[PDB]
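Asker: below: the sequence, then the experimentally determined structure.
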Amino acid sequence: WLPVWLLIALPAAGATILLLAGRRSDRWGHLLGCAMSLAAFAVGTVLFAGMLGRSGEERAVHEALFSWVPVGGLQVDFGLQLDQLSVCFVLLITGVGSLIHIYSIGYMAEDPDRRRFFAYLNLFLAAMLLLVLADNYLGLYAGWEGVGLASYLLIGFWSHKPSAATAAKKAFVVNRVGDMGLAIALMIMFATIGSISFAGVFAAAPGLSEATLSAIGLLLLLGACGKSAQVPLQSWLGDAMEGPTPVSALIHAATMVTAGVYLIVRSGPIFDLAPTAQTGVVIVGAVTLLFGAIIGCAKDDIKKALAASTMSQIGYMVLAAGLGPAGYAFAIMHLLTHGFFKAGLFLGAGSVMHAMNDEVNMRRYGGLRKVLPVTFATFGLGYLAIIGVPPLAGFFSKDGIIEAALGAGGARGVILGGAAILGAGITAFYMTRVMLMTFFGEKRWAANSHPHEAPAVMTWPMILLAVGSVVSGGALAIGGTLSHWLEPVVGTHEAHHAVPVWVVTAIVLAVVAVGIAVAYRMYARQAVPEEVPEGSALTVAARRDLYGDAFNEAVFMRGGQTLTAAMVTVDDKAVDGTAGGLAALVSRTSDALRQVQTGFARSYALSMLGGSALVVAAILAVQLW
Amino acid sequence: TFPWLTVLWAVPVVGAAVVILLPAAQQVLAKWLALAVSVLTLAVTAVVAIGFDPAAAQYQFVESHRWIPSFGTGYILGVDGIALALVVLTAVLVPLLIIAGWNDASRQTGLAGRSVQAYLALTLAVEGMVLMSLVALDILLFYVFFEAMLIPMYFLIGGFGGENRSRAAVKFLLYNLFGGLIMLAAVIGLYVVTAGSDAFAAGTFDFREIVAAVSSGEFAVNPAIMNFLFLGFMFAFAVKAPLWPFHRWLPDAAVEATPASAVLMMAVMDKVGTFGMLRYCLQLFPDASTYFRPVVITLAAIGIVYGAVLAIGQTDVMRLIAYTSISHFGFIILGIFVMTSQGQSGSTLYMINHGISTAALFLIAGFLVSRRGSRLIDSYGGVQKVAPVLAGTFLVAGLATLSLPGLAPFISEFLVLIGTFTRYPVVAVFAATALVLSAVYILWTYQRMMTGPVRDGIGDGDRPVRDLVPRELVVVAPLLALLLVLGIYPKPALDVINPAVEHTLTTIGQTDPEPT
Ligand SMILES: CCCCCCCCCCC(=O)OC[C@H](COP(=O)(O)O[C@H]1[C@H](O[C@H]2O[C@H](CO)[C@@H](O)[C@H](O)[C@@H]2O)[C@H](O)[C@@H](O)[C@H](O)[C@@H]1O[C@@H]1O[C@H](COC(=O)CCCCCCCCCC)[C@@H](O)[C@H](O)[C@@H]1O)OC(=O)CCCCCCC
């Protein structure tokens, strides 16, 4: 029988080979990486089928491989917990990563080192699988830092470009801040509960106190901000787009960003008992949703706009998760639908960039609808899913999240619902702007660009991603199949129904329509300008990512450099200064004493006659003085 | 029973003597003989470890003989889990350093042509003295070799090494020797106190006897005298293991010495300091160590953060690595002095992992520096394009020093941090900031050196940066393999470390705090 850990072994081993075989595997390495990803997908599907063939607690698969860190009371044993929640992430990650690998075959076909790129992709998939499968928070941390490393490597690909290297470094550092927060969380968990595994943690979760649980939840939320790119750690997404488009697709659709939401939901027991932590998570989700929606409207680059949209969607998912069990299942469903349609959108954007001679500016593109019919269709399907057309997948998930936010009740519920509605409207506006500037209007192409249809290898993944963006949302929402599936592990909940569901759906549709009409008037009725138009202070602020980078450069880069200079000065002048002063004192005293060696025999005789000092000392020894 | 530890520590010294006695014309044969001696020492260490039973008595392979009864010191060897870990580290590393420094002594002239023989003999002598210090179960014997090991390393830095080698060697030897002399004051005080106590027949240096006497309570001593003795021991070990602010000697010696010698210093030699804290400071003076725990914990945390910041601020690659190592010793001492099973086991495993990781990173940086002619970080750029393997191995080593979970150091750092939090949460958080600072000073250096457009003269010119030669791969691959193995499956190390740590904590009346 196939053990669960194969899911991790198949990709990682592939990566290992692709990393060690080197040039010998450069000709066929991508094939091996794709095969490893596909095998992981097959194993995940088989495990999901086995879980379906089981009922109740038998659905989840818990498997402890070996004792890992048996130090005193820690006794952490490496183990995987493929539960109803874990299997959904496993399937999403494996399928989307396999599709992205297939797409990368063609996307990286003309670029050397494709074998190394696929090695990094396989390592990324293995890290994500370990993150979602680990039955304890220490294995979760292992997968977490592995995902961080893989994101650094992939974003850092094309190392000859300084921007790519800087983006990789920034991504890893921001991820590592959240990792440090999660490390504080684990230390608190061990100190208070004495255990790190999910089972023991959640068994002891009811104890401790509101303050301790809130601290744990807040640190986990910081970690998620690190991964999920929530404020204030949301600044690294924009620069990460310097990497290959498949990297952006994989990061935003699954694994990297999905990790924060997975951490929040898997930690559901803690947040349920920590209302203050849930409030913090909700605030972060709403704020980052609004910030990403605002930033996206200004980005003139397809990659940057897609990154802002991903940030906004992750914010919506985070708000749903922080809403407690009422939104946890809806959060997971929206995460899956986002994986699908965001991956489709990123693949379409990569196809456009490849056709546009790697052009990334949305202003240069235009009227591509006829130029790339397959890419246009895939991008439009993902666009409909993201906007949330009733047939599209995103419609059901976003509607459920908004309904939960509104049903949170009171001032908090009203604020969350208003934030969600504004986010939906801004998302519609930004996505419509991007789509119109890309596929509609005059060509605006430059440098004699000659767009061509993407090959079948990059195309089939696009069609499958569009099919997912069309179907998965309904397939999961209609009848509450996903909600019932997550019920046994995720906290069950009833419906408050603060407002009629049809009312919320109509409001969402009206907001989306208003945004679409505004975007059409701005960029469809009015020809798309070829240059960045001026605008209100808000427009430039969004163009600068709401100064999010500048703040980081203003506070931490500058403050960090100040602290570094201060410490270097302390080392060179204070710490080393004490030893230098000691040496100077010794040398000065040595010179002074050497001056006593006058060289005159009579001076030496005087020093000897100083033996009067010895005489007086001996005499006074009895004088008691 | 065969005197396994005696052979273990004697073989390096005898091999050094033979190597230095070889004629000048046998330089290559001298290198091979030194490597063979190192491999024989590694085999001896392997058999000792295999025969070592972690479930058995605390000390094993014990050899005991009368050496200087007049001083109350005996030739007593014996290896515990803590000692065995460092012994294995030293034994495995020394051959790798030898094959790394294969040609480091080639350009040195004079010395009757014994430059290669002298370098190899000094390295082997350092290995032997470090090993005997690790296995010694007598305070005076351990002090003798803890201080003696400085001289071979002092020669190894001053001889060979960079232009400023002389000043660096002087600063090294004088810092460490001032500390060792303070240890001598403390050791003589310990002898005097033991002589004045009825617990022993006379002034004694048998570590086991003194530890048992203090633990049982028979050897009660005035807490002020114990505090002073502990202060002397801790000061000596703090200069040896670069505890902040006593670190200032380490950067110059590490940068000026050859990469193999610098690694031997920081990776292997300096560990004897931290190990010294773990075996003696805590067990000879449990009361004084407990009393001073706040101060030493604060110093270790400040060392972590301060060394990380300085490494961020450095412009020389090798000096950056040296400050990284200073911060890592900060972690080691923090884990040692928190007096927690998790903390101490993590600190020992960290000694191991840091030895390996610093060896790998420093040796790779040394290879790169040799390829070019400058240690300046800004002097490089886009090195990944020209030497993919060199850049990849450097990245892996940095990730190890960065404490990724997939690599060994994280397991230790985590374990240390965990242990620190259960007793000093604020100190734990302050140290945890080093997780971010390490990402900074590793990845920024990687960005500055290996990424971006290929800097002039790196891929072309008279001194292009060619990829690693097979010998450098022989050096690097084992270190990366150990990092990966101890990251994925650290248990084999912990199984040895955990018992010894428990015996240590049991000895000092300390226990892991019960969870809330
Ligand atoms: C709790 C602790 C939190 C502390 C986290 C802070 C981490 C360190 C911040 C600085 C950094 O993280 O590192 C930047 C430099 C090297 O700067 P770089 O040279 O690498 O790149 C520059 C670029 O210069 C060129 O760089 C190459 C060519 O040289 C090209 O590719 C580029 O296009 C460009 O032309 C460009 O011109 C310069 O204006 C920029 O400074 C470029 O960096 C820039 O940093 C900025 C900051 O980033 C961060 O994550 C900080 C935020 C992370 C945490 C903040 C919020 C967390 C709150 C939690 C609640 C970003 O806006 C981008 O990250 C951008 O990239 O390190 C240093 O001095 C370190 C000195 C001391 C640091 C010690 C800190 C204690």
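Answerer: That came through, no problem. Numbers count the residues shown, from 1 in each chain, chains lettered A, B, ... in the order given.
Asker: which SSE is residue A:158 in?
Answerer: Per DSSP states H and E: residue A:158 is located in neither a helix nor a strand.
Asker: what kind of secondary structure is the closest residue to it other than its chain neighbours in?
Answerer: Spatial nearest neighbour of residue A:158, excluding adjacent residues (Cβ to Cβ, 6 or more residues apart in numbering or on different chains): residue A:164 at 5.0 Å. For every residue, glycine as well, the C-beta is placed using N, CA and C. At residue A:164 the chain is in helix, as set by DSSP: H, G, I helix; E, B strand; the rest coil.
Asker: in chain A, which strand is the longest?
Answerer: Ranked by number of residues, the top strand in chain A under DSSP state E is strand A:61-69.
Asker: from residue A:116, how far out is the residue nearest to residue A:158?
Answerer: 14 Å (Cβ to Cβ, to the nearest Å).
Asker: strands of the stretch 401-516 of chain B, start to end?
Answerer: Assigned by DSSP state E, counting those that start in this stretch, the stretch 401-516 of chain B shows no strands.
Asker: give me the buried positions along stretch A:23-36.
Answerer: Using 16 or more other Cβ atoms under 10 Å in any protein chain shown as the test for burial, stretch A:23-36 gives A:25, A:29-30, A:32-34, A:36.
Asker: oops, could you answer that again for stretch A:55-67 instead?
Answerer: Neighbour-count burial for stretch A:55-67 flags A:59-61 (criterion: 16+ other Cβ under 10 Å).
Asker: show me which of these is closest to chain B.
Answerer: Nearest to chain B, judged by Cβ to the nearest Cβ, of the buried residues of stretch A:55-67 is residue A:61 at 21.8 Å.
Asker: is that closest one in a bridge, and if so with what?
Answerer: Note on residue A:61: beta-bridge partners residue A:82, judged by DSSP bridges.
Asker: which ones are touching it?
Answerer: Shown in contact with residue A:61 (Cβ atoms under 8 Å, 6 or more residues apart in numbering or on different chains): A:4, A:47, A:50-51, A:80-83.
Asker: taking those, please make a PyMOL selection of just the buried ones.
Answerer: In PyMOL syntax, the buried subset of the contacts of residue A:61 is picked out as below (16+ other Cβ under 10 Å):
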select buried, chain A and resi 4+47+50+51+80+81+82+83
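Asker: of the contacts of residue A:61, closest to chain B?
Answerer: Nearest to chain B out of these is residue A:80 (Cβ to the nearest Cβ; 14.6 Å).
Asker: pull the residues that contact the helix or strand harbouring that closest one.
Answerer: Using DSSP H and E, residue A:80 sits in strand A:76-82. Under the contact criterion Cβ under 8 Å, 6+ apart, strand A:76-82 has outside partners A:4-5, A:7-8, A:47, A:51, A:60-70, A:90, A:133-136, A:138-139, A:196-198.
Asker: mind putting the buried residues of stretch A:55-67 into TSV with distance to residue A:432?
Answerer: Formatted as TSV, the buried residues of stretch A:55-67 follow (distance: Cβ to Cβ, whole Å):
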residue	distance to residue A:432
A:59	42
A:60	42
A:61	44
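Asker: looking at these, spot the one nearest residue B:255.
Answerer: The closest of the buried residues of stretch A:55-67 to residue B:255 turns out to be residue A:61 (Cβ to Cβ; 53.1 Å).
Asker: please identify which helix or strand holds the residue nearest to the spatial centre of chain A.
Answerer: Nearest residue to the geometric centre of chain A (Cα atoms, centre = their mean): residue A:227, 2.7 Å. Assigned by DSSP H and E, residue A:227 belongs to helix A:210-228.
Asker: which strands or helices does that helix pack on?
Answerer: Applying 3 or more Cβ pairs under 8 Å, 6 or more residues apart in numbering or on different chains; DSSP states H and E, one finds that helix A:210-228 contacts helix A:137-155, helix A:162-193, helix A:258-266, helix A:268-272, helix A:275-298, helix A:302-322.
Asker: next SSE downstream of it?
Answerer: Downstream of helix A:210-228, the next assigned helix or strand under DSSP H and E is helix A:236-239.
Asker: residues of that following helix that come out buried?
Answerer: The neighbour-count check on helix A:236-239 (16+ other Cβ under 10 Å) flags A:236-239 as buried.
Asker: can you check stretch B:46-61 too?
Answerer: Neighbour counts over stretch B:46-61 (16+ other Cβ under 10 Å) mark B:48-49, B:52, B:54, B:58-61 as buried.
Asker: okay, now the residue nearest to residue A:158: neighbour count?
Answerer: Close neighbours of residue A:164, defined as other Cβ atoms under 10 Å in any protein chain shown, add up to 25.
Asker: so what's it up against?
Answerer: By Cβ under 8 Å, 6+ apart, the contact list for residue A:164 reads A:155-158, A:242-243, B:451.
Asker: mind running it again at 10 Å?
Answerer: Taking Cβ atoms under 10 Å, 6 or more residues apart in numbering or on different chains, we find residue A:164 in contact with A:154-158, A:239-244, A:247, B:447, B:451-452.
Asker: okay, now residue A:455: neighbour count?
Answerer: As a burial measure, residue A:455 scores 15 neighbours (other Cβ under 10 Å).
Asker: do you know how far the closest residue to it other than its chain neighbours is from chain B?
Answerer: Once flanking residues are discounted, residue A:455 sits nearest to residue A:106: 4.8 Å by Cβ to Cβ, 6+ apart. Look at residue A:106 and chain B: by Cβ to the nearest Cβ, to the nearest Å, they are 24 Å apart.
Asker: alright, that wraps it up for me.
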